[PDB]
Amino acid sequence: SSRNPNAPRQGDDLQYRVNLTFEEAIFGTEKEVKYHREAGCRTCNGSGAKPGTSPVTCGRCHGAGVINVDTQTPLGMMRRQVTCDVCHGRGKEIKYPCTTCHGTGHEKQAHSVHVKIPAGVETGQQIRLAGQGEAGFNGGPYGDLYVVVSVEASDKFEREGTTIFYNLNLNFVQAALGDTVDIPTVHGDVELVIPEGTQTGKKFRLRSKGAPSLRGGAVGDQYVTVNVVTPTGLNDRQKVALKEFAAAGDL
């Protein structure tokens, strides 16, 4: 959005997709990220000239970057500026460019970054790290680095925001008579008491066993949801107990 062709301009942004485990995301964590950015030659100090040589005033534009283009009218003179045949900038140290960056002041560096992942992130949350990402032009600023969280599934839990979700399979006997089960939690295990008579679908709410909130909130909750499993692959002693169960209870 500026007419000066050699105006300063910010470098390209970068994106890193970082893979987390279910729990890494629930809690905090930290990673070092290794990658190759374009950074700006340390070998030439940013000007693409063999050290001990120098950019020099242009052998056409005479230090202007532009060629005045003057045309005689009846009433006067027309001046058109067109950007220089050669330098397109200011100087012209092209006879001796830096060896590594082939003249443009930008070296492929190897870079590493220390990232605090705050507790509670979900897949697709981004973090902006200001300095990182690619080199600016004509002395402009450095790009930003953007990491997107990508969270791996759990074998036990589903999640959504602060809330954790666990399904409990109960058998008929446990459902009818009640029972006490150990319930997995991202914070460790928790004993839960199942009343006698539990209907399938029942939702139990464990307070503050869910995920920490990004926006300063208190920890969320883990909701346990009961599923009653019909039994299958039943031997004859088992089918007798049930037929005998049926009879006891229509008497």
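In case it trips you up, residue 1 is the first one in the sequence shown, and so on.
A summary of the deposited B-factors shows that, of 176 to 184 and 138 to 146, the stretch with the larger mean C-alpha value is 138 to 146. Judged by mean Cα B factor in the deposited record, 54 to 62 ranks above the other of 54 to 62 and 38 to 46.
Across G161, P118, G103, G124, the greatest Cα temperature factor reported in the deposited entry is at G103. Among all modelled residues in its chain, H114 ranks in the middle third by Cα B-factor.
In this PDB entry, the Cα temperature factor of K239 sits in the bottom third of its chain's modelled residues, the lowest group.
In the PDB entry, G201 places in the lowest third of its chain by CA B-factor.
Sort the chain's modelled residues by C-alpha temperature factor and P195 lands in the lowest third, per the entry. In the deposited entry, the Cα temperature factor of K156 places it in the lowest third of its chain's modelled residues.
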